Amino acid sequence: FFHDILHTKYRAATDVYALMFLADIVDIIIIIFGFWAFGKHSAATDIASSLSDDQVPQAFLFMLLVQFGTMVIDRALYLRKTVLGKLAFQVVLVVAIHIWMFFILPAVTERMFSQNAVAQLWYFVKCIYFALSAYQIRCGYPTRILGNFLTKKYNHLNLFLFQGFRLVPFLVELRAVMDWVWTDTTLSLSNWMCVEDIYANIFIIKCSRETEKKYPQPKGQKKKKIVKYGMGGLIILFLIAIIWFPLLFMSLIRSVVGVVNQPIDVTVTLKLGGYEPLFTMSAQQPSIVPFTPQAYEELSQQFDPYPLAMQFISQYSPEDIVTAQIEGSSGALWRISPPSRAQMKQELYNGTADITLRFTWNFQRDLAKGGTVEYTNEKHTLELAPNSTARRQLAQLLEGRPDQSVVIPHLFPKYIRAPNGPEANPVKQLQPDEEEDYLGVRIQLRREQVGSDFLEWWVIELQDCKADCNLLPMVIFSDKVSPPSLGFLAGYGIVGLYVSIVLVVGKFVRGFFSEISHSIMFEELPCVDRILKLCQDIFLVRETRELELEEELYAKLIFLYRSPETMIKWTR
Amino acid sequence: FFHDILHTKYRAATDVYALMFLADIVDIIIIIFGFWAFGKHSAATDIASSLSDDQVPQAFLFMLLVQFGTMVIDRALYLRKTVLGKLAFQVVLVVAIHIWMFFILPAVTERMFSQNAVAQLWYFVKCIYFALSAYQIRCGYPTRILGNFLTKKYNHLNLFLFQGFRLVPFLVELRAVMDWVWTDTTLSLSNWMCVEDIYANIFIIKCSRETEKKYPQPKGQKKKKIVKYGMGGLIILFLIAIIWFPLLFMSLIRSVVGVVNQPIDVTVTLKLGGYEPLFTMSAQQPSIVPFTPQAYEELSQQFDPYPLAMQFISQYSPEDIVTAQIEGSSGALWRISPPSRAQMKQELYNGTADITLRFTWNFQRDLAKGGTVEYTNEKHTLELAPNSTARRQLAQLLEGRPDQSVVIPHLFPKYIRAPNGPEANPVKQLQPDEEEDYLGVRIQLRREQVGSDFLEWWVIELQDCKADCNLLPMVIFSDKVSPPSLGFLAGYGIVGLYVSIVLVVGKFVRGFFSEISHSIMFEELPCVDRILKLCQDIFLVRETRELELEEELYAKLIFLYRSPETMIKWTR
Amino acid sequence: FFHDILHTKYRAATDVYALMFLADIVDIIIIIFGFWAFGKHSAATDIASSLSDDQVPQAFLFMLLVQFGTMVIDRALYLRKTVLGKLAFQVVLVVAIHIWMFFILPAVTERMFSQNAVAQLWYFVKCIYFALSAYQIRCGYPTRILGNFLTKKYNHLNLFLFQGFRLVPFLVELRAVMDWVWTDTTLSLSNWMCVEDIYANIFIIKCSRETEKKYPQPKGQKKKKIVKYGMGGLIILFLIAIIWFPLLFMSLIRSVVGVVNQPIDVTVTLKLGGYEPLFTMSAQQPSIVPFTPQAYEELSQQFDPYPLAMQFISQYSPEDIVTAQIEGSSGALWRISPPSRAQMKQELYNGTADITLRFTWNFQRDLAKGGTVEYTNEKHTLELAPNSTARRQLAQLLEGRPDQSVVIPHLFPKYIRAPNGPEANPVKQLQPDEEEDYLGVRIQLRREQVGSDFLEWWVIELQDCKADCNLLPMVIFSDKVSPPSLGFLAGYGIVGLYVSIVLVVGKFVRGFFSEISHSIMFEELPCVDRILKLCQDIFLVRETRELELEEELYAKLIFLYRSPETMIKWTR
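The structure is reproduced here in structure tokens:
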């Protein structure tokens, strides 16, 4: 609607712009005592804008319409422009430093912010930091705008007035800000800069010396020591050492994990030779029963006389142990073909080789909770000798007399470990005689009608079952799992610590002591400038003073910044 | 054949060698307008060989017979023999350094090349770099060979003639080459070297100062500034800053790796209590039908009135969604035991406890395309109350009247998510009343003659099925997968950035400004040598000039290299 | 018992303590010499204690009772105390620094040791290092204890007596120990310290110069060079370069990890359309038969005329290849429903669309041995055209005439690869005409009463089977697996090498040459102190000598340490 209204009338769209332009030109020109105010206003506007975007970034939160993000970008276009105006207003010749350094300190930020959000989000918290850095420059900038009025030399002097409080601010910015900033000063006079860069460093230290002299003289006392002042520096140092030492301690365990694993599914089979399996069963909820403290106490009472068993058991909490209450009636009909059933009967009776009887278990775990290996499994096998009693009795079951059964000794390992890895062995500490400690199993063949041929399925039970012969309770001890191992290979972990200690050493080693630089610097502050000058001549700095002489060619305004040094030199 | 021919005649194999040796001995004794040429020729030969190997390495490509690699190694043996071989000319006394010179700059390379190829290959591209480094030394070396003729001091002087162009070459080699090279000079006089090493650094800077003086004087102008020269340095600096800033921005590139996941297999079951499952079905191609844009539009129309549903749906492209057209006739015969069948009928009719009816789903995905979790699954359960209508009606189905059925309300969750993890929940945004929004299922028993009992299987259908009652369409929304997460733990990612910013800071911090060193250096170049000498005496360098005095003991030829400094000193 | 005895009598517990205390106060002051001996004894005790803990840590080995670890900690409490009293009552009244630097050099260690053990163990080997560092300080400390007697200045002087042997010891400690130690000296006079720190560095070099002068004068010869001395430095340098080239090259050190993979389980199915599968079989041990060298030779003879086949085969050792001897009688009864059976017969005969016949294979591997992908699989499908001979013949089998069969050409791919990834394709190099090279399969339906309808199962055999028609031998070539890939993404691996070369470069670059510092330092050693003093005045060091003047205010004992410098200055 509003867009349409602008479209509807030609006059509103145009002429107006021209008028505005005229105002900007003439106004900026006619506005005798002002433009300076306008520059301040423009700086204020920028700060406000930044806040809005900075405020906007923090404020919206969460995730915002994809289109909305585009609109903000469109909005950013606006910010870039406007500035375009005053850009060459202050601006470049009068103080290009404006649109200049300031101009750079935004384009980089804009690219990062779009990049930072990605699809993941959380960019803004990283992003928000960026806005603040821009803002700090702007606050300096707003005064900055009347640069010819502002006088670059004057701003530094005021901090000198600030002294120790002023000195702290200079320290806070640090080298990195200075290096970026030094370059802009370098950019105006790059060739000197390389020469210039050394001077700026020198100046900084000289400024530091003056600050010490200032508040120091009032502060200074002769043959006077204060315990409290010493303690704060020393207590902090001890804390810093602790953090360096503590941090290594802090991370040494920064890694860790531990959550209970219970197989979701416990699948067991009984299979004779290569014949279709006799029995299959898969237990799931609620047939997989976690140990209560009562179950744990009963298990502990059972194994109390045996320290090795108790040492094993004590590694597990009740929650780490389940009883899989395995139903003994096969879950599926026996699917054997008639010729193979006949072959099996014949092999059992008449075979001259062993026949293998295999009991398998396979425990499934939920990887969503942790761990890396979904299934852990193993098997127990028995070789049934030719003509053996159990073998003939098993064969006899096929004749279909319902009251008959066979006992297979040492078939069922009751206690099994389900570790993090894929091999789940019966627990030797609880079954130290191995297979001799496995339980006997009574096997029967069930047959229903039918009609002669009938459905068939196999039923197993523990030989010594009492209260619940339909169940074969398998006790499973599951080691806990963790999402991340952390260190992984030992060598890599060791190297990182060495890098931490080595890298650390290198950084610690690097600062060193600048005895040569210090001696020249130290004398001058205590030293008189003339004495320093006599001192000064041997070092290059006296030569630099000579370069001061070149100053004479240099333009006076640029000379003045150089001149400030002479005042500094006079102060020296 | 050729090998046999050499074997066949004794004379060709021998005497010849002796003659060759004699010739070699004499060639040294020729001795003038020859041996020097021979040294140059030998250097040429070496360069040629390298290229051949360098040419050979790049040229062969791909993977080459294992035996062929061995032959090349055998060939390398030949090269080594020739080198050290002729090494008795330069050599061990005269062109000592030159002699072994490349001696070191080859053995290290040979070990790496064999190591680099491994079984993976691609070693040569890494490998090829190595040959070039050897070659560069050789080009210097070939002139090098007449070392007594060559005069080490003279070669440095010519670069001085080169000046600014010459200066660039010196800069290009860098510190690392110099440190390795400095040592060889150090090796001849190691004790001085430690003293010597400082001098070489000093010399370099002195050489740099001369170069600046040279082309600089013609170049130099008074009170003259060129915008173009400044711009190139500054534009590059901005680009460098951007790369530093851009590179951090660029890294985000990593974050990315999306591809569609559709379960290959959709397996569902319906199971009453612990009884053999009534119904099982596994849908695979082409029963798993990806959404077309038409299907997506129809789904969008269905859920249009509901913003939360539409917000869910909009997260998926048609390719991310499938309809599993589940066949409602069980894929397997019911395998129950008649006794268990009798128990089930009795429990349904007469049981005083609830009985659970469970509908399960399990979606299999192809890990070869991406992702980490192959199966994602869940279940819906209903507790059928004792004496409830549905329970009695289900029991009635066992009597085998083919026209009968039972409806179980709220059994089939039509809309399910198949996320990256192992838990696949029905979509609440599309089914906000949860189980009340699941679909009713009509169940029938298909018992068939036989002959008593009749082969049995269960058939399910959606209660409100219209056009395709044989199908139960389950709509599955699969989140995309990516091969690599990248950052993994948040702390590690943050640390790397800090290291990048911290490490970066450290490197940036390290260069610093050498004000003390610069001041001494700066004065001398502008400064006259005598004035510098007066300046010179206080620093150790004047003392070094005094060491020059030791030169007198030192051998004159070794003295001359020292002497060059005096000429340099005179130049100073 | 013993604890009870102390409890039983009041007198033993008390009065005694008081007496001891009295003695200690009495012990400290009384005999001319005795306390100094006591300080030495206390230092000895500490060393002994350290050894015991150090001895104890190494000695116990393995893992020790959790309670036992607690007891040791309780023991450590004891160690801390004893000094508790001596902490300031021993007492380092004068050399307070005693309970100082020494006190610090233990608390950090104690925290680390507890942290180091964790639950993993192996902490002690890392832990043991810590004890030794404490011990070294203690040995210095024991003499240290009579600090007023000891004279800090005197200890440094003795090393001067040691000279070159003495010098080596100073070098060994390195910067890191000094920086920590410098601070303690700094702590007494921190403000000077910053000034002081430069002096200590200066002193070190001055000490080094004296050592060179000492043994050097006897050692020194004029115009004399020894080959052997040069060789050791140079040979070591070459070795160091090799280590950097060979040591740094020690990167590939992590490039290998594999053995043999044979599928534990080979599962195959034959399925017509969506009907219940006709045939399923899972082969496991010992039906999965690894190739012998005889089998490998026979396979090589079979494929000898074909270079591409032989190139494929040569990539595998016999151990990498198995024959899965697949039983051709289905492992399960056919579970189809009559109509599912009637529908199938009708579709085979009367259908107007194609019907799909699918042969699948799925190979299971043991991840515990290595690898990442447990199952690898694929399938071969044939579209049986309407009214085709094979389709009608298959339908005919359902009528139950036992002598009948159908041949399906090109159904069984004999040679299949089981690679590291999830897709297991038939080997094209051994079957270049693809499906035309797959083997024909003869299918039969087995069915027996009962006694119309009697159990059914399907039997397949290779069309051209001769000796073992019950088996369908599938030859499977499995690529080896390794536990760790290592490099992973190419860019990351390249960056590390660059960091290794770049990082390395940076460290190599960093040392540089200190020409300015060296020149001042070099002149003084050769230079006379007076001449040096004339030399000395221009540098800050002469100013430092002036600070020496402040010494006058400073306390004489603290002055003496400063005074030692003057003696050093006199030596200069």
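Protein chains in written order, with the entry's author numbering: chain C, 1961 to 2411, 2424 to 2544; chain A, 1961 to 2411, 2424 to 2544; chain B, 1961 to 2411, 2424 to 2544.
C-beta: ideal position from N, C-alpha, C; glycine also.
Nearest residue (CA-CA) to C:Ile2503, options B:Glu2515, B:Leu2506 and B:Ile2503 | B:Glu2515
With a cut-off of 8 Å, do at least 3 Cβ pairs link the stretch 2518-2536 of chain C to the stretch 1977-1984 of chain A?
-> no
With which residues is C:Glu2520 paired in a DSSP beta bridge?
-> Paired residues: none, contrary to the question.
For B:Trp2294, the three-state DSSP class (helix, strand or coil) = coil
B:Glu2428 (DSSP reduced to helix, strand or coil) = B:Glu2428: strand per DSSP, three-state reduction.
Could you work out which residues of chain C lie near B:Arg2071, taking near to mean beta carbons separated by less than 8 Å?
-> Within 8 Å Cβ-Cβ: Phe2205, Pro2206 and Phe2209.
Please decide whether B:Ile2492 counts as near chain A, where near means a Cβ-Cβ distance under 8 Å.
-> yes
Kindly indicate the opening and closing residues of the alpha helix (DSSP H) around A:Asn2115.
-> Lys2112 to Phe2122
Residue from B:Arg2135, B:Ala2328 and B:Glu2433 with nearest C-alpha to C:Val2474 | Looking only at B:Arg2135, B:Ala2328 and B:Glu2433, the smallest Cα-Cα distance to C:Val2474 is reached by B:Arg2135.
Taking 8 Å as the CB-CB limit, is A:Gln2285 close to chain B?
-> With its beta carbon at least 8 Å from every one in chain B, A:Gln2285 lies outside the interface.
Secondary structure of C:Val2155, DSSP reduced to three states | helix
Flag residue 2418 of chain A as yes if its beta-carbon sits less than 8 Å from any beta-carbon of chain C, otherwise no.
-> You won't find residue 2418 of chain A in this model, because chain A goes from 2411 right to 2424.
Same chain, Cβ closer than 7 Å to C:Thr2229, five either side skipped, listed in chain order | Cβ neighbours of C:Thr2229 within its own chain (closer than 7 Å, five residues either side excluded): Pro2237, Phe2239, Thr2240 and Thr2320.
Look at the Cβ atom of A:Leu2354, then the Cβ atom of A:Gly2400, and state whether they are nearer than 8 Å.
-> no
How many whole angstroms separate the CB atoms of A:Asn2221 and A:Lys2329, which I take to be in contact at a CB cut-off of 8 Å?
-> 7 Å
Within 8 Å (strictly less), CB to CB, does B:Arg2135 reach chain C?
-> yes
Taking 8 Å as the cut-off, decide whether the C-beta atoms of A:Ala2345 and A:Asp2314 are in contact.
-> yes
Listed from N- to C-terminal order along the chain, which residues in the stretch 1980-2009 of chain A have their beta-carbon within a distance smaller than 7 Å of any beta-carbon of chain B?
-> The stretch 1980-2009 of chain A vs chain B, Cβ under 7 Å: nothing.
Can you give the Cα-Cα distance for C:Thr2005 and A:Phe2460, rounded to whole angstroms?
-> Taking the Cα positions, C:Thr2005 is about 42 Å away from A:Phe2460.
Can A:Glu2433 and A:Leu2444 be called in contact, C-beta distance under 8 Å?
-> Using a Cβ distance threshold of 8 Å, A:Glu2433 and A:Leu2444 count as a contacting pair.
Is there contact between the stretch 2261-2280 of chain A and the stretch 2265-2284 of chain C, where contact requires at least three CB pairs shorter than 8 Å?
-> no
Based on the DSSP output, what are the partners of A:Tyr2335 in its beta bridges?
-> A:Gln2324
Mind the definition here: the stretch 2038-2055 of chain A touches the stretch 2079-2090 of chain A only if three or more C-beta pairs lie below 8 Å; say whether that holds.
-> no
Using a C-beta cutoff of 8 Å, does B:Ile2057 count as contacting chain A?
-> no
Option in B:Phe2049, B:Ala1972, B:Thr1968 and B:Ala2003 with minimal Cα separation from B:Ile1985 | Nearest neighbour of B:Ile1985 by Cα position, chosen from B:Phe2049, B:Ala1972, B:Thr1968 and B:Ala2003, turns out to be B:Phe2049.
Answer yes or no: does any C-beta atom of chain C fall closer than 8 Å to that of A:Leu2344?
-> no
How about B:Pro2178: is its C-beta nearer than 8 Å to some C-beta of chain A?
-> no
Taking the C-alpha atoms as reference points, what is the distance between A:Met2446 and C:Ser2274?
-> 47 Å
Mind checking B:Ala1972: buried by the 16 CB within 10 Å criterion, or exposed?
-> exposed
Backbone CA spacing between B:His2116 and A:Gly2193 [nearest angstrom] | Going from the Cα of B:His2116 to the Cα of A:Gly2193 covers about 53 Å.
Distance, A:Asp1975 Cα to A:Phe1998 Cα | 24 Å
Residues of chain A with a CB under 8 Å from the CB of C:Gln2080: which are they?
-> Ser2215
Answer with buried or exposed for B:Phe2062, where buried requires no fewer than 16 other C-beta atoms within 10 angstroms of its C-beta.
-> buried
Beta carbon of B:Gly2291, beta carbon of B:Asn2442: below 8 Å?
-> no
Proximity of C:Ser2454 and C:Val2137 at Cβ, strictly below 8 Å | no
At which residues does the beta strand (DSSP E) containing A:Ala2243 begin and terminate?
-> For A:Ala2243, the uninterrupted beta strand (DSSP E) run begins and ends at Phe2239 to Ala2243, by DSSP.
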